[PDB]
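Here's the structure, in structure tokens; my notes come after.
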Amino acid sequence: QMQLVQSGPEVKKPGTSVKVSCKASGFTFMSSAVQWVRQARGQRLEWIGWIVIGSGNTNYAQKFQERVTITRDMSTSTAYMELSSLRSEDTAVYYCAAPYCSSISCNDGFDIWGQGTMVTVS
Amino acid sequence: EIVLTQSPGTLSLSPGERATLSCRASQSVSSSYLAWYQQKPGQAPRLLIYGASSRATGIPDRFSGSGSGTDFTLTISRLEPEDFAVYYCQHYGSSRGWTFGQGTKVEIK
Amino acid sequence: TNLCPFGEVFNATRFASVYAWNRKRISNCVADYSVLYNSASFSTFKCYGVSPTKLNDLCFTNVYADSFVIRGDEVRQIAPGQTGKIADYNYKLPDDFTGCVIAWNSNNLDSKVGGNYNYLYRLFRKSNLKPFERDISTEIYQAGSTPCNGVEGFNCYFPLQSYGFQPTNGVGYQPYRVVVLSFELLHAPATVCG
Ligand SMILES: *[C@@H]1O[C@H](CO)[C@@H](O)[C@H](O)[C@H]1NC(C)=O
């Protein structure tokens, strides 16, 4: 059974940073890119950016340009995301997601989503 | 960037009723990458359709994507009580994309 | 009795990316491997073939020198029977391989203040390489059931990836210049001796 496991809820002051982790299990991490999206309460999904695993390609959405950093630790098969200069406006649930397949990365969709991480800024 | 618009923002259907959701691109969106997702409150979104034309593994036969060019739709042959949910679509594109549409909500009538 | 031009490899001012090793043929000359062995300049001098102290006395019909740059940790992948991103997608040695692998620490020369991104390695491939197979194609790699249209973006990746080489990197992440000496005996008179 494929799983994505995210770090639990965290509360930060405005003007400070937050770090969110997402660990893969049951799947080769190198086989697929990992993407990040957030959902404010009552709001539509908003895409943040993504990372191609093993490539280090971290291009971000223009709205979040130089406000978010995405990295990965290959030895722990874990994606990481950091946000800087937090505002109360950034209070939201943040999610990681990925495709799932075995040796050939056959699935083009996003088969597995993490449980999500709540981030509150105040 | 590709901007997606969806309608109706809210739908009201009886259980067992056939349903359609619609999405239109702001501009001549390339190919077909309009994957569809289902979401329930307190839960992560789940993939239903990828390529706007093919079911994800484990998806029931009642779900199917359709459309082309700027106009894409999602259909359900009959609604189950389980199918009342918030729906989203996403355009993978050539990257510098992955924008989500505003989504739609389906309510029980 | 001209000396084999090892200086054209080891003293070279430019090295190939690991995705496309620069092969040079060595023939019709007198080899000296004892000068390399006793230089003590190399971080590694290991052989899977005839021991280097006897190798110098053994004649071959053809010797090849393949030069490239990799991370120091990646050096462990260059052996018969090995697997990994370099061993499977960039270069492979046969189980019957005869020859030696020599590594040198190039951080003093290949490092740049902003980092050195001019060395590429292959990250993706559809299948494992055959021994001594070389592939310089840059065609976009498809990573899914959907046909790739040749445009890079999603599940359409450029197959090559730049190294993050920097002067401040830990030793395992420092660049090393590596030369692999392949030896063979063909049905011909030997032309390389020491
Ligand atoms: C490279 O050149 C130096 C002289 O500049 C020499 O001492 C050294 O032995 C040469 N290395 C090889 C492998 O020939």
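In the structure tokens, chains take letters A, B, ... by order of appearance, with residues numbered from 1 within each chain and ligands from 1 in the order shown.
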(message) List the spatial neighbours of segment 49-64 of chain C as an MDAnalysis selection string - criterion: any atom at most 8 Å away, only C-alpha atoms, same-chain residues fewer than 4 positions off excluded.
(response) chainID C and resid 23:27 31:34 37 97:100 180:186 188:194
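Selection of all polymer residues within 12 Å of ligand 1 on the basis of only C-alpha atoms and all ligand atoms gives residues 3, 4, 5, 6, 7, 8, 9, 10, 11, 12, 13, 31, 32, 33, 34, 35, 36, 37, 38, 39, 40, 41, 42, 102, 103, 104 and 179 of chain C.
Counting only C-alpha atoms, the residue from C:87, C:136, C:65, C:148 that sits nearest to chain B is C:148.
For the residues C:152, C:95, C:135, C:88, ranking by smallest atom-to-atom distance to residue 17 of chain C using only C-alpha atoms places C:135 first.
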Each residue of chain B with at least one atom at most 7 Å from chain A should appear once, together with its nearest atom pair and the corresponding distance in Å (one decimal); atoms considered: only C-alpha atoms; ordering: chain, then increasing residue number; output as CSV.
```
residue,atom,partner,partner_atom,distance
B:44,CA,A:115,CA,6.2
B:47,CA,A:111,CA,6.1
B:50,CA,A:109,CA,5.5
B:96,CA,A:61,CA,6.8
B:98,CA,A:47,CA,6.7
B:99,CA,A:47,CA,6.1
B:100,CA,A:45,CA,6.3
B:102,CA,A:44,CA,5.6
B:103,CA,A:44,CA,6.7
```
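Put simply, atom CA of residue 97 of chain B is 24.4 Å away from atom CA of residue 119 of chain A.
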As a check of understanding: the span from atom CA of residue 120 of chain A to atom CA of residue 24 of chain A is 24.4 Å
Chain C residues within 12 Å of chain B, counting only C-alpha atoms: which ones, as a PyMOL selection string?
-> chain C and resi 144-157
Write out, as a Markdown table, each residue of chain A that has an atom at most 8 Å from chain C, together with the closest pair of atoms and their distance in Å to one decimal, counting only C-alpha atoms, rows going by chain and rising number.
```
| residue | atom | partner | partner_atom | distance |
| --- | --- | --- | --- | --- |
| A:54 | CA | C:123 | CA | 7.4 |
| A:55 | CA | C:161 | CA | 6.2 |
| A:104 | CA | C:143 | CA | 7.0 |
| A:105 | CA | C:144 | CA | 5.6 |
| A:106 | CA | C:144 | CA | 4.2 |
| A:107 | CA | C:144 | CA | 5.6 |
| A:108 | CA | C:144 | CA | 5.4 |
```
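Using only C-alpha atoms, the protein and nucleic acid residues lying no more than 8 Å from residue 2 of chain B, apart from those fewer than 6 places from it along its own chain, are residues 25, 26, 27, 29, 91, 97 and 99 of chain B.
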Can you tell me, as a PyMOL selection string, what residues are no more than 7 Å from residue 72 of chain C when counting only C-alpha atoms, ignoring any on the same chain fewer than 5 positions away?
chain C and resi 171-176
Using only C-alpha atoms, the best pick from A:7, A:32, A:16, A:65 as closest to residue 86 of chain A would be A:16
- Task: Based on DSSP run over this structure's backbone, return all residues of chain C in strand (DSSP E), as a PyMOL selection string.
- Result: chain C and resi 22-26+29-30+44-47+62-71+99-105+120-122+141-142+156-157+160-162+175-184+192-193
Residues from last step as file, N, CA and C atoms, as a short mmCIF file (atom, residue, chain, number, x, y, z; two decimals), in the first residue's frame:
```
data_model
loop_
_atom_site.label_atom_id
_atom_site.label_comp_id
_atom_site.auth_asym_id
_atom_site.auth_seq_id
_atom_site.Cartn_x
_atom_site.Cartn_y
_atom_site.Cartn_z
N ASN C 22 34.79 10.56 -23.03
CA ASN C 22 35.65 10.82 -24.17
C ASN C 22 36.71 9.74 -24.29
N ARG C 23 36.51 8.83 -25.24
CA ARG C 23 37.41 7.72 -25.43
C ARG C 23 38.59 8.10 -26.31
N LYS C 24 39.79 7.69 -25.91
CA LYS C 24 40.95 7.81 -26.78
C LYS C 24 41.63 6.46 -26.93
N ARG C 25 42.03 6.13 -28.14
CA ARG C 25 42.73 4.88 -28.37
C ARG C 25 44.21 5.03 -28.08
N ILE C 26 44.79 4.01 -27.46
CA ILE C 26 46.23 3.93 -27.26
C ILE C 26 46.78 2.72 -28.02
N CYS C 29 52.76 1.99 -29.24
CA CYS C 29 53.59 2.78 -28.34
C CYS C 29 54.04 2.01 -27.11
N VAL C 30 54.97 2.61 -26.37
CA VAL C 30 55.45 2.01 -25.14
C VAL C 30 54.74 2.61 -23.94
N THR C 44 42.69 6.95 -5.75
CA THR C 44 42.44 5.53 -5.90
C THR C 44 43.19 4.97 -7.10
N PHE C 45 43.78 3.79 -6.92
CA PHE C 45 44.38 3.07 -8.02
C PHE C 45 44.08 1.59 -7.86
N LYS C 46 43.00 1.13 -8.48
CA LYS C 46 42.55 -0.24 -8.28
C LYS C 46 42.37 -0.95 -9.60
N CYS C 47 42.55 -2.27 -9.60
CA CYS C 47 42.40 -3.04 -10.82
C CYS C 47 41.52 -4.26 -10.63
N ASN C 62 45.27 -3.66 -28.00
CA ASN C 62 44.58 -2.38 -27.90
C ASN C 62 44.37 -1.96 -26.46
N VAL C 63 44.61 -0.69 -26.19
CA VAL C 63 44.31 -0.12 -24.89
C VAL C 63 43.45 1.12 -25.08
N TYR C 64 42.38 1.25 -24.29
CA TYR C 64 41.54 2.43 -24.42
C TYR C 64 41.53 3.22 -23.13
N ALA C 65 41.57 4.54 -23.26
CA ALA C 65 41.47 5.40 -22.09
C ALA C 65 40.19 6.22 -22.16
N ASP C 66 39.30 5.99 -21.21
CA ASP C 66 38.05 6.72 -21.16
C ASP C 66 38.06 7.74 -20.02
N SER C 67 38.03 9.03 -20.36
CA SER C 67 38.12 10.07 -19.34
C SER C 67 36.79 10.78 -19.09
N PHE C 68 36.48 11.02 -17.81
CA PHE C 68 35.24 11.69 -17.42
C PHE C 68 35.30 12.25 -15.98
N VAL C 69 34.32 13.08 -15.61
CA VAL C 69 34.22 13.59 -14.23
C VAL C 69 32.94 13.18 -13.48
N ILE C 70 33.12 12.64 -12.27
CA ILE C 70 32.03 12.24 -11.36
C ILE C 70 32.25 12.67 -9.91
N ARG C 71 31.20 12.53 -9.09
CA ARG C 71 31.34 12.75 -7.65
C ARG C 71 32.20 11.66 -7.04
N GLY C 99 41.24 -4.68 -16.62
CA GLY C 99 41.75 -3.32 -16.64
C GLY C 99 41.74 -2.65 -15.28
N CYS C 100 41.98 -1.34 -15.29
CA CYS C 100 42.12 -0.58 -14.05
C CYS C 100 41.32 0.72 -14.03
N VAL C 101 40.98 1.15 -12.82
CA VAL C 101 40.28 2.41 -12.60
C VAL C 101 41.11 3.34 -11.72
N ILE C 102 41.40 4.53 -12.24
CA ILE C 102 42.22 5.50 -11.52
C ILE C 102 41.46 6.80 -11.25
N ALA C 103 41.44 7.24 -9.99
CA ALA C 103 40.72 8.47 -9.63
C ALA C 103 41.64 9.54 -9.05
N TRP C 104 41.35 10.79 -9.39
CA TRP C 104 42.13 11.94 -8.94
C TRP C 104 41.20 13.07 -8.48
N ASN C 105 41.55 13.74 -7.38
CA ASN C 105 40.69 14.79 -6.83
C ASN C 105 40.89 16.11 -7.54
N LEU C 120 27.49 17.26 -17.01
CA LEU C 120 26.16 16.64 -16.99
C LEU C 120 26.22 15.13 -16.76
N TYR C 121 25.17 14.58 -16.14
CA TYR C 121 25.06 13.13 -16.04
C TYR C 121 23.67 12.68 -16.44
N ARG C 122 23.55 11.46 -16.96
CA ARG C 122 22.24 10.98 -17.35
C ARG C 122 21.47 10.54 -16.13
N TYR C 141 12.86 12.28 -22.31
CA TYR C 141 12.46 11.01 -21.71
C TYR C 141 11.00 11.00 -21.31
N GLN C 142 10.27 10.00 -21.80
CA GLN C 142 8.87 9.83 -21.44
C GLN C 142 8.75 9.04 -20.15
N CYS C 156 8.02 14.34 -19.14
CA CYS C 156 8.77 14.66 -20.33
C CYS C 156 10.00 15.41 -19.86
N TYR C 157 11.06 14.69 -19.52
CA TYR C 157 12.19 15.32 -18.86
C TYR C 157 13.42 15.30 -19.74
N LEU C 160 19.35 14.48 -19.19
CA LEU C 160 20.60 14.84 -18.54
C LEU C 160 20.38 15.82 -17.40
N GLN C 161 21.23 15.73 -16.38
CA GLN C 161 21.15 16.60 -15.22
C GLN C 161 22.52 17.14 -14.84
N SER C 162 22.58 18.44 -14.53
CA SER C 162 23.84 19.05 -14.14
C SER C 162 24.28 18.66 -12.74
N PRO C 175 34.16 16.85 -7.17
CA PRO C 175 34.46 16.27 -8.46
C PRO C 175 35.77 15.51 -8.43
N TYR C 176 35.78 14.38 -9.12
CA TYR C 176 36.99 13.61 -9.34
C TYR C 176 37.19 13.34 -10.81
N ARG C 177 38.42 13.47 -11.26
CA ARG C 177 38.74 13.08 -12.62
C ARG C 177 39.08 11.62 -12.61
N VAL C 178 38.40 10.87 -13.45
CA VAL C 178 38.57 9.43 -13.44
C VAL C 178 38.92 8.91 -14.81
N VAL C 179 39.92 8.05 -14.85
CA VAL C 179 40.32 7.42 -16.09
C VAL C 179 40.19 5.92 -15.98
N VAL C 180 39.48 5.33 -16.92
CA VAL C 180 39.35 3.88 -16.95
C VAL C 180 40.16 3.32 -18.10
N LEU C 181 41.08 2.42 -17.77
CA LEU C 181 41.91 1.81 -18.79
C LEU C 181 41.40 0.43 -19.13
N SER C 182 40.92 0.28 -20.35
CA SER C 182 40.40 -1.00 -20.81
C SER C 182 41.43 -1.70 -21.66
N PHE C 183 41.62 -2.99 -21.43
CA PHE C 183 42.60 -3.74 -22.19
C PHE C 183 41.97 -4.90 -22.93
N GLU C 184 42.46 -5.18 -24.13
CA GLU C 184 41.98 -6.36 -24.85
C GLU C 184 43.06 -7.02 -25.70
N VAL C 192 51.06 -2.54 -27.89
CA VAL C 192 51.33 -1.77 -26.69
C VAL C 192 52.02 -2.62 -25.64
N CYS C 193 53.20 -2.17 -25.22
CA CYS C 193 54.00 -2.90 -24.23
C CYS C 193 54.66 -1.93 -23.27
#
```
Would you mind listing what lies within 7 Å of residue 20 of chain A as number ranges by chain, with only C-alpha atoms counted and same-chain residues fewer than 3 positions away left out?
A: 7, 80-82
Discussion item. DSSP on the backbone: which residues in segment 36-115 of chain A end up as helix (DSSP H, G or I)? Give the answer as a ChimeraX atom specification.
Written reply: /A:62-64,88-90
